[PDB]
Structures are given as C-alpha cells and as structure tokens.
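**Q** Protein chains in written order, with UniProt numbering: chain H, 2 to 54; chain A, 3 to 114; chain V, 4 to 104; chain B, 1 to 147; chain R, 2 to 118. For each residue, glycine too, the CB sits at the ideal point set by N, CA and C. Next up is a structure, given as structure tokens.
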Amino acid sequence: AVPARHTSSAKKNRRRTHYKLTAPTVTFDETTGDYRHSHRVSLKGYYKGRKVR
Amino acid sequence: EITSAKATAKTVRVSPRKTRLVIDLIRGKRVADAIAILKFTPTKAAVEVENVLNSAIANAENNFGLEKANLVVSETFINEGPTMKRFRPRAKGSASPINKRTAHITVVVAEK
Amino acid sequence: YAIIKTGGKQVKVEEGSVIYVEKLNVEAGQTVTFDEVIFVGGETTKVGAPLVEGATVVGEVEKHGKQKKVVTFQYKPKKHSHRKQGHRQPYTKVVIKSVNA
Amino acid sequence: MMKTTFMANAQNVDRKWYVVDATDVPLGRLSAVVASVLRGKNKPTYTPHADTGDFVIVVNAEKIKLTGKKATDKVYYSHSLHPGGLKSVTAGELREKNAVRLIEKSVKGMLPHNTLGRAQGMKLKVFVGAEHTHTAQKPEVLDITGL
Amino acid sequence: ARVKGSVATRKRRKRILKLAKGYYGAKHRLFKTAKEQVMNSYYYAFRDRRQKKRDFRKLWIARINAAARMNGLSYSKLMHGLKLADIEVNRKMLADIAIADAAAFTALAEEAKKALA
RNA sequence: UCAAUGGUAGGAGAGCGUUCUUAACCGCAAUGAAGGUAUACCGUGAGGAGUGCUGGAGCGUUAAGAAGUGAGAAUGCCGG
RNA sequence: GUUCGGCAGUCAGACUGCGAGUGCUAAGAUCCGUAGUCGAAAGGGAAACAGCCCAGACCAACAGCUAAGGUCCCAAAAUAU
RNA sequence: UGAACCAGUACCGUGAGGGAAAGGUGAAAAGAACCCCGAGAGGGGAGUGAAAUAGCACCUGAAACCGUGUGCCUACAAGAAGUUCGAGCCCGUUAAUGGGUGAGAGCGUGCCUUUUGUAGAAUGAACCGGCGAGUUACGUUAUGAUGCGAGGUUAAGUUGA
Numbered sequence: 002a003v004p005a006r007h008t009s010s011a012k013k014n015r016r017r018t019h020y021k022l023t024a025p026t027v028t029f030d031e032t033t034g035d036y037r038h039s040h041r042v043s044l045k046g047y048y049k050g051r052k053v054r
Numbered sequence: 003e004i005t006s007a008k009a010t011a012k013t014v015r016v017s018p019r020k021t022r023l024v025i026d027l028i029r030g031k032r033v034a035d036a037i038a039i040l041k042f043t044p045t046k047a048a049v050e051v052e053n054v055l056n057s058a059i060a061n062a063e064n065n066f067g068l069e070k071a072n073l074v075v076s077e078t079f080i081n082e083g084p085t086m087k088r089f090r091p092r093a094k095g096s097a098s099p100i101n102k103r104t105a106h107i108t109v110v111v112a113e114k
Numbered sequence: 004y005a006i007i008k009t010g011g012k013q014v015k016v017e018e019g020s021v022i023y024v025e026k027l028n029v030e031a032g033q034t035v036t037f038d039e040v041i042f043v044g045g046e047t048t049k050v051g052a053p054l055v056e057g058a059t060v061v062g063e064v065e066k067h068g069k070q071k072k073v074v075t076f077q078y079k080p081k082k083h084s085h086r087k088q089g090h091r092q093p094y095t096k097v098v099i100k101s102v103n104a
Numbered sequence: 001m002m003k004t005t006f007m008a009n010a011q012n013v014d015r016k017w018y019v020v021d022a023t024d025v026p027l028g029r030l031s032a033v034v035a036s037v038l039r040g041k042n043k044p045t046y047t048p049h050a051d052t053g054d055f056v057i058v059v060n061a062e063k064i065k066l067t068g069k070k071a072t073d074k075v076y077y078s079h080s081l082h083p084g085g086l087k088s089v090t091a092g093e094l095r096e097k098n099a100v101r102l103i104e105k106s107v108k109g110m111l112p113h114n115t116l117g118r119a120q121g122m123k124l125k126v127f128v129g130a131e132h133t134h135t136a137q138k139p140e141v142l143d144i145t146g147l
Numbered sequence: 002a003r004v005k006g007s008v009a010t011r012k013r014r015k016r017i018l019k020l021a022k023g024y025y026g027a028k029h030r031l032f033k034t035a036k037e038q039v040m041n042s043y044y045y046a047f048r049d050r051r052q053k054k055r056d057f058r059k060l061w062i063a064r065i066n067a068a069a070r071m072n073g074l075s076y077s078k079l080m081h082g083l084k085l086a087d088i089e090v091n092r093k094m095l096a097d098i099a100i101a102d103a104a105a106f107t108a109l110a111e112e113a114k115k116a117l118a
C-alpha cells in the first residue's frame with residue numbers, strides 16, 4: 002500500500018513509457034479539406050459522400 | 003528574415019503532463035497533420051493549442067507571410083507555470099490543497 | 004634505444020623518446036647525461052648487457068614542473084573521520100635523444 | 001613515465017583455432033589448461049579485457065581417465081526454481097549420452113565468472129565422438145601433457 | 002551582528018558539488034550521497050595507488066610467465082635464474098619486452114639458462 | 001644528515017573564511033561595484049583570485065580590533 | 001622519573017588464549033588474575049571476520065625485497081623436486 | 001515591535017485567550033497607441049523606454065521540480081551504483097602530460113547518535129534554501145603579556161564631548 006522508498010524519476014518515466022496517446026487516422030484534404038475520419042462523418046455532413054447533419 | 007514562428011500561452015489549467023501526452027504526436031509533422039489530429043483530438047487539452055498554433059501561423063503572417071502552406075512544426079514545449087493551490091477539504095481535518103496546473107504553451111514552426 | 008633507472012624507475016628509452024622523470028638538480032634546460040644505463044635495450048643489435056659502459060643517456064633536459072594536485076582525506080572510521088592532505092609532484096619532462104646505441 | 005604499460009591487443013585481437021584432444025585425458029588436468037588457452041593466458045599478450053578467446057576445439061570426448069569410482073560417486077545436481085527443485089544428472093550417467101556439459105560446466109568452474117568468462121566459456125567448441133565439422137578454417141592440435 | 006555569510010556557505014556547497022560532478026543520475030541533483038561518492042572513490046583510489054601497482058605487476062609477471070611458458074619456462078625458476086644471473090635483477094622492463102623480443106626475451110632467457118647453468 | 005608523522009572521547013599549539021569596524025593605508029567602480037552563472041588554474045587544507053556571461057549599485061583591500069561569526073544531520077523550524 | 005600547577009575524561013567493556021572459580025568441569029554464560037587484540041589500528045591470510053595469525057598507514061610513485069600464508073583455474077607464483 | 005505592508009489585521013475558539021502571511025517595475029508610467037491571432041483572457045508584431053528576459057505580486061535571480069535540444073553508451077544485464085585501468089567514439093581547454101564519454105575488466109557493506117560490537121532487519125533524515133544553539137553581568141583561580149616594584153593601587157564620585 003504505502004510506498005517504501007523514493008521513485009527515481011527515470012524509473013518513474015520508465016513507468017510513463019507505454020502510457021502514451023495514440024494518433025487517430027485523419028482523412029486529409031478532401032477537396033481542400035475539411036476532414037473526417039474513415040468510418041466517420043465530415044464536418045460538412047459527409048459520410049459515404051452525402052451530407053447528413 | 004527569420005522563420006521565428008513562435009507563440010505561447012499562460013494561465014490555463016490544462017495538466018501539462020497530459021499536454022506532454024499531447025505533443026509527441028505534434029513535434030514532427032506538418033501543420034495539416036497538426037490541425038488534423040488537433041481538430042480530431044479527444045482530449046480537452048488540445049483544442050486551445052490552436053490559440054497558440056493559429057496565433058503562430060498568425061505570427062508567420064503577422065509579419066512574414068512565409069511558407070504558409072509549407073509550415074511544419076519546428077518545435078514546441080508546454081511547461082507548468084505557477085500552479086495555483088487551493089486548500090481542499092477532506093475528512094476530519096485532512097484538507098489537502100490542489101495544484102491548478104498552469105502552463106506556458108510555446109510553438110515554433112518553420113520550413114523543411 | 005636503451006634502459007636506464009635514473010630514480011627507482013627503470014625506463015625503456017628510445018633514442019629520441021620524450022619521457023618523464025622526477026626532479027633532478029638540473030635547473031632550466033641544461034641537457035646532461037646519466038650513466039647507470041643498463042641495457043643495450045630495444046636492441047636489434049649487439050646483445051647481452053649485464054652492466055653497460057659508454058652507452059649512457061645523453062639526456063636532452065627540458066623542463067620540470069608540478070604534476071597534478073591529487074587529494075587526500077583518509078581512512079573512515081565512524082564518528083568523525085578526519086582530514087586532508089594532497090599534493091602534486093615536481094615532475095620532469097625530458098626528451099632523450101642520443102643513446103650510444 | 002606514466003604509460004609504460006601496453007595492452008597491444010584490446011582492439012587488435014588475434015583469432016586462432018586449436019583441435020585439442022585426447023580420448024581419455026583426465027578432466028581437471030585437461031580443464032584448467034584449456035581454460036588457460038581459452039583465456040589466452042598462455043599467449044604473451046594478456047589484458048583483463050583482452051578477448052584472446054581461443055577457438056578451443058575438442059573432439060572424441062568420450063572418456064576421462066576416471067580415478068576411483070567417480071562414474072558412480074561424482075553425482076551432479078541442479079535446482080529448478082520450482083520448489084523442491086532437485087534434478088540430478090548423476091555420475092557415470094549422461095557421460096555415455098552427452099559428455100558435453102560433463103566438460104564445460106566444469107570449465108565454467110575454471111573460468112573467471114564474468115561476461116568475458118561466459119563469452120569464451122560460451123564460445124567453446126565441443127564434440128564427443130566426432131571428426132568434428134567446418135575445417136574450412138585452419139585448426140591446430142595442441143599438447144598432450146598437463147604441462 | 003546578526004550576520005550570515007550566506008553566499009560563502011553556498012560557496013562551500015557550490016565548491017564541493019562542482020568538485021563532485023559526474024556520477025550517476027540523481028546524485029548531483031542532490032547533495033550528500035555525492036559527498037562520499039568522490040570520497041569513497043579516492044579511498045580506494047588511494048588503495049589503487051598501491052593496487053594498480055600490485056596488479057599491473059600481476060600483468061607484468063603474468064605476461065612474462067606467459068612468454069616464458071611459451072618457451073616452456075616457469076616464472077619461479079626463471080626469476081631463480083635471475084638471482085643466479087647477472088647485475089640485472091631488472092624486473093618489469095623485463096616484463097615490458099613482451100613486444101617482439103625474441104632477442105631480448107629469449108636471449109636473456111638464455112642468460113638465465115647459463116645462470117641455472 | 002638522523003629520528004618521527006594510525007588515531008576516537010582527551011589535551012596543547014597554529015591558521016583560514018564571514019560581518020561590522022569613522023580609524024588609516026587606498027583603491028575600484030558604468031569602459032560595469034556587489035551578487036549570480038560556466039570555467040579544462042592555484043593553494044597541504046580551510047581557501048584564493050583569472051576569464052566568459054547576467055547584472056546595474058556599492059564593494060574590495062591590507063593590518064589590527066570587536067563579534068548574534070563559521071551548518072546536514074534535532075519528528076529541528078519556516079517556505080517551496 | 002620525581003615535584004608543582006592547570007586542564008581532562010574514563011566507572012559498563014568485550015574477545016582470544018593461559019591459570020582459577022560458579023555452572024550439566026553446558027555455553028558466543030558469568031566472575032577473577034594474567035598477556036594480547038579490538039575498541040581507538042587500516043593491509044594480508046583464513047569464502048566474507050572487530051576480537052585468531054601476520055604485519056602498525058605522512059604522501060607520491062608503472063620500484064624491488066619479504067611476514068604469515070600460498071603456488072591445477074577462477075586467483076599470482078611449483079602440473080616443483 | 002506579534003505587526004516596515006490599513007496588525008493585533010485575517011483567521012481559530014462561545015468566551016477568557018491566541019494569532020498569522022506579505023516591501024522593492026522603471027529615473028519618469030513615460031503602463032505597451034495601433035495592427036493581427038484569439039469567445040475572452042493571453043499572445044504576437046509595431047511602438048515605449050538606457051534597456052520589454054523590464055510589462056504591472058515588475059530589481060537580482062540559484063535550489064529542489066518539470067523540460068526541450070544536444071556528442072557518447074546501453075534492450076544476455078542480477079552494482080552503496082564506485083574507483084583504477086581501459087577498447088572504442090566525440091569534441092578541442094583558467095594551454096593545459098586536454099576534456100566529454102564510456103563498453104569491458106579488477107577490487108570495493110551510505111551517513112549520523114549509541115554501543116562491547118552496528119553495513120543493518122537499531123535510530124533518524126522526502127528534498128531544497130533560510131534561520132537555528134557554549135555567551136556575557138559580577139567574582140575567584142590558573143597561565144601568560146605589560147607596567148612598576150616592598151611599593152603597587154584609586155574605588156565610588158567630580159570634572160569633562
């Protein structure tokens with residue numbers, strides 16, 4: 002429960018190694034933008050090439 | 003003549019450790035990738051980095067107009083500032099404070 | 004090429020080799036010779052050399068100075084171990100050309 | 001004065017190969033001198049980080065001149081980390097099966113137990129009844145005696 | 002007279018830390034583990050001011066019995082032939098002939114052969 | 001030259017550094033005082049200055065006097 | 001060495017033998033006298049070891065010789081006679 | 001001075017009581033017009049001023065903490081985290097027998113009080129910085145220093161800055 006000794010900060014970051022965030026795949030400039038994700042909706046209503054608000 | 007495309011921010015409560023979860027995606031890629039992930043980020047910390055990011059592109063056209071589509075991020079860093087504490091109550095006189103996480107938010111972009 | 008023990012340090016000298024040696028009563032640079040040279044040494048020549056005569060190190064004396072002040076605190080018991088010495092050494096850089104071999 | 005030492009090896013190492021065998025030779029008296037060559041301790045070029053790790057080759061390793069009843073009371077042991085981890089390879093046993101660690105575990109007892117000791121000690125060349133293999137390089141037979 | 006000498010005190014602190022610099026990780030990011038860390042290091046650097054003596058001599062005698070053993074000669078009877086031998090009882094330059102000296106090495110070995118003889 | 005130099009509580013001797021000293025002695029200072037910082041010098045030690053940089057007002061000498069005067073360590077304290 | 005003068009602290013130690021006592025002539029047990037050792041004395045030897053043995057460190061040193069103890073490899077010297 | 005600051009303040013406690021923290025921009029606010037980003041703040045240009053790392057808790061700015069870049073090394077390793085030597089690499093300095101490394105390899109039980117003996121599973125120490133502890137009043141004794149010497153000696157007081 003209660004820790005014994007001090008974490009050395011290098012080992013603390015060695016705990017913090019796998020903790021990182023993962024980039025989501027973003028569809029890039031479509032006309033000149035704007036963006037969606039694949040399997041997701043654009044800001045212009047577009048999923049599967051048709052506007053749905 | 004200089005790239006010098008830097009902006010910053012101060013006094014926002016955003017957990018700079020989790021912004022150091024943010025910036026690893028940032029530091030290498032072009033600004034189209036940056037506002038791509040930045041618009042599509044499911045963290046609260048990375049929307050308002052378009053204040054610094056947009057303000058730094060707005061530096062580059064504030065007095066440069068240089069390489070505006072071409073601008074890839076040179077560097078960032080987001081640091082803690084003075085985290086403002088608050089004497090949080092907790093049971094039977096425990097009451098520990100809270101470090102509200104201040105941050106400078108610094109971005110340079112450039113070419114190449 | 005020879006071997007000479009000037010101090011308590013027996014030394015391969017090459018006929019041209021710059022060496023180091025502790026302080027001698029040379030003063031600035033008077034290139035003087037030393038005579039207890041025992042070997043032909045690094046030979047590729049005449050062999051043997053139990054006790055050598057005339058092959059003395061005609062020493063090309065250069066310089067003597069201070070070495071490096073290494074330091075001393077000592078011995079560690081518990082309950083207040085105590086304290087420092089620490090010095091350097093008046094070393095002596097001297098090039099050795101001109102053995103008689 | 002200061003650098004009268006010399007490694008002369010610590011980058012420029014040598015590599016030589018030695019078929020070393022006798023069919024029956026005693027284990028200790030073979031073992032410490034093949035330890036000496038796998039050091040390269042006999043080579044006149046020692047450095048504590050020399051890496052004069054010899055290609056110490058053994059073939060035809062069937063027999064130790066076995067003093068006493070050592071094939072009945074030599075018995076080895078081991079301990080797997082599962083509790084009650086006694087597992088014993090025993091005295092005459094696995095000599096006739098695989099006399100490999102019958103040698104090189106004892107040469108692990110010979111060697112300086114470190115990364116270099118496990119380097120050449122884990123670069124032994126071991127054959128038990130063979131004419132070994134890969135004489136593409138040049139092997140050389142070393143001595144008979146315990147010197 | 003409530004005076005401090007504060008910068009002088011931190012100059013002792015600064016003096017020992019700048020003289021303490023180099024070792025692992027947290028140590029120069031702290032104060033006091035570094036204090037022994039130079040200190041233990043020249044405790045047994047004081048011992049190795051005697052023990053690289055007593056180990057470079059092991060390199061000396063070891064490599065010279067390596068080449069002597071390459072001539073099939075053992076160090077004890079070699080040195081025994083060196084006390085039997087000439088004005089030379091020269092030791093460790095005679096260790097230094099490990100480079101390329103069949104003349105100096107094996108011939109001085111023959112001097113020892115005519116010293117046992 | 002000879003002899004000595006393990007050393008705790010112990011006892012003796014000596015010296016360093018800080019600050020104030022009207023003292024003088026006698027300077028520095030905006031071309032940069034102090035202070036900070038890096039520094040690959042010196043000094044048996046404590047310690048001392050050199051340079052680069054911050055920095056923009058007091059500081060250093062010497063010698064002597066006087067001291068709230070030499071900092072890890074105590075549930076030391078306070079602040080982070 | 002004495003004398004005189006200041007200034008101390010030490011009161012409770014162990015251990016190794018050696019000779020005693022008590023104890024199951026049990027004990028790394030106690031309690032004496034006796035020497036050493038540590039404490040308050042490194043280095044080496046015995047696998048590490050405060051007490052055993054050797055040997056008392058101002059320092060440098062890329063010098064040699066040696067104490068006990070060692071010389072098949074780790075780990076240096078004798079596959080010594 | 002508890003209190004250089006709207007201090008006996010805040011605040012605690014019903015009360016008697018207790019009892020904090022905190023000064024410094026720049027000479028002069030001359031306090032950043034404007035322009036742009038930004039919901040706004042905040043930033044960024046411009047300009048301000050000797051200076052803007054000088055921008056309103058603002059001189060100076062360590063220290064722990066978090067960083068970002070950086071040359072070397074490490075993903076067959078089981079160390080009081082060290083020396084000493086050193087392959088190899090990188091760089092060139094209070095110009096110096098240069099430094100930064102460091103694979104590898106030898107040998108290496110942290111520091112304090114107490115104890116007979118602690119490496120300790122005996123304490124204690126989160127760290128960092130600041131503070132933080134043998135005095136003087138009067139008296140005696142000892143030791144010296146000085147002065148005069150069987151003669152040394154003025155106390156209190158008065159005078160006077």
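Go ahead and label H:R54 buried or exposed: buried means 16 or more other beta carbons lie within 10 angstroms of its beta carbon, across all protein chains shown.
**A** Exposed, by the Cβ-count rule.
**Q** Give me the Cα-Cα distance between B:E93 and B:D14, rounded to the nearest whole angstrom.
**A** Roughly 38 Å between the two C-alpha positions.
**Q** Please list, in chain order, the chain R residues whose beta carbon lies closer than 7 Å to that of B:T4.
**A** In chain order: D97.
**Q** Find the nearest neighbour of A:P84 within the set A:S76, A:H106, A:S96, A:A36, judged by alpha-carbon distance.
**A** Answer by Cα proximity: A:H106.
**Q** So which residues of chain R does B:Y76 contact, with C-beta pairs closer than 9 Å?
**A** Neighbours of B:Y76 on chain R: none; closest Cβ ~32 Å, over 9 Å.
**Q** Determine the closest residue to B:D54 out of B:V33, B:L147, B:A61, with distance taken between C-alpha atoms.
**A** Among B:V33, B:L147, B:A61, the Cα nearest to that of B:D54 is on B:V33.
**Q** Using a Cβ-Cβ cut-off of less than 9 Å, give me the residues of the region 39–52 of chain B that come near chain R, in sequence order.
**A** From the region 39–52 of chain B, only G40, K41, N42, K43, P44, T45, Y46, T47, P48 have a Cβ closer than 9 Å to chain R.
**Q** Determine the direct distance from the alpha carbon of A:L68 to that of A:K41, and round the result to whole angstroms.
**A** Roughly 24 Å between the two C-alpha positions.
**Q** Tell me, to the nearest whole angstrom, how far the beta carbon of B:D24 is from that of B:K69; I am working on the premise that it is less than 8 Å.
**A** In fact, because the Cβ distance is near 17 Å, the residues do not count as touching under 8 Å.
**Q** Note down, in chain order, each residue of its chain lying with its Cβ closer than 8 Å to the Cβ of V:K8, except the 5 sequence neighbours on either side.
**A** Counting only Cβ-Cβ distances below 8 Å, and skipping sequence neighbours, we find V14, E39, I41.
**Q** For the structure I just gave you, are there three or more beta carbon pairs, one from the region 84–104 of chain V and one from the region 58–75 of chain V, closer than 8 Å?
**A** The region 84–104 of chain V is in contact with the region 58–75 of chain V.
**Q** Can you pull the chain R neighbours of H:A11, defined as C-beta to C-beta under 8 Å?
**A** Chain R residues near H:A11: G26.
**Q** Does the beta-carbon distance from V:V97 to V:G19 come in below 9 Å?
**A** Going by C-beta atoms, V:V97 is not nearer than 9 Å to V:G19.
**Q** Just tell me which of B:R29, B:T52, B:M2 has its CA closest to the CA of B:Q11.
**A** The shortest C-alpha separation from B:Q11 is found at B:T52.
**Q** Residue range of the beta strand (DSSP E) that V:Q88 falls in?
**A** Per DSSP, V:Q88 belongs to the beta strand (DSSP E) from 85–88.
**Q** Within 8 Å, do at least three Cβ pairs link the region 28–37 of chain V to the region 91–103 of chain R?
**A** Contact between the region 91–103 of chain R and the region 28–37 of chain V is absent, because fewer than three Cβ pairs lie under 8 Å.
**Q** Sorry if obvious, but does the Cβ on A:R22 come closer than 8 Å to a heavy atom of the ligand MG?
**A** As far as ligands go, the structure on display features none, and thus does not contain the ligand MG.
**Q** Answer yes or no: do R:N72 and R:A104 have a C-beta to C-beta separation smaller than 9 Å?
**A** Result no, Cβ atoms of R:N72 and R:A104 do not sit closer than 9 Å.
**Q** Given this structure, state the Cα-to-Cα distance separating A:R88 from H:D30, to the nearest angstrom.
**A** Distance between the alpha carbons of A:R88 and H:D30 is about 45 Å.
**Q** Closer than 8 Å by beta-carbon distance: list the chain R residues that pair up with V:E18, in chain order.
**A** What V:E18 touches in chain R: nothing, since even the nearest Cβ is about 16 Å away.
**Q** Please return the same chain residues whose Cβ sits closer than 7 Å to the Cβ of B:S106, not counting the five positions on each side in sequence.
**A** Within the same chain, B:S106 has close Cβ partners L27, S31.
**Q** Determine contact between the region 95–104 of chain B and the region 120–135 of chain B, defined as no fewer than three beta-carbon pairs at a distance below 8 Å.
**A** Yes: the two stretches touch, three or more of their Cβ pairs being nearer than 8 Å.
**Q** Figure out for me which residue from V:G10, V:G57, V:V21 has the closest Cα to the Cα of V:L27.
**A** Taking only the C-alpha atoms, the option nearest V:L27 is V:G10.
**Q** Thinking V:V29 and V:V64 are a contact (beta carbons under 8 Å), I'd like their distance in whole angstroms, please.
**A** Rounded, the Cβ-Cβ distance is 5 Å, consistent with contact.
**Q** Give me the Cα-Cα distance between R:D56 and R:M80, rounded to the nearest whole angstrom.
**A** In a straight line, the C-alpha of R:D56 is about 18 Å away from that of R:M80.
**Q** Mind checking B:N42: buried by the 16 CB within 10 Å criterion, or exposed?
**A** The residue is buried, with at least 16 neighbouring Cβ atoms inside 10 Å.
**Q** Check each candidate in R:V4, R:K36, R:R3, R:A27 and name the one with the smallest Cα separation from R:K15.
**A** The shortest Cα separation from R:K15 among R:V4, R:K36, R:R3, R:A27 belongs to R:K36.
**Q** So is B:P48 buried or exposed if we call it buried at 16+ other beta carbons inside 10 Å?
**A** It is exposed - the Cβ of B:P48 has fewer than 16 other Cβ atoms within 10 Å.
**Q** Assuming contact is defined by CB atoms lying nearer than 9 Å, are V:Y23 and V:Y94 in contact in what I supplied?
**A** Yes, these two residues count as a Cβ contact at 9 Å.
**Q** Cβ atoms of B:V37 and B:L142: under 9 Å apart, would you say?
**A** Yes; because the gap between Cβ atoms is below 9 Å, this pair is in contact.
**Q** DSSP state of A:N81, grouped into three classes?
**A** Strand.
**Q** At which residue ranges does the region 62–124 of chain B contain complete beta strand (DSSP E) runs of 3 or more residues, listed in the order of the chain?
**A** You should have found no qualifying run.
**Q** Return the CA-CA distance between A:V14 and A:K20, expressed in angstroms with no decimal places.
**A** Taking the straight line joining both Cα atoms gives about 13 Å.
**Q** What's the call for A:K12, buried or exposed, on a 16-neighbour Cβ count within 10 Å?
**A** By the neighbour-count rule (16 or more Cβ atoms within 10 Å), A:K12 is not buried but exposed.
**Q** Can you tell me whether V:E65 is helix, strand or coil according to DSSP?
**A** In the structure shown, V:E65 sits in a strand (DSSP, three-state: E or B).
**Q** List the DSSP bridge partners of V:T95.
**A** Its beta-bridge partners are V:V24, V:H67.
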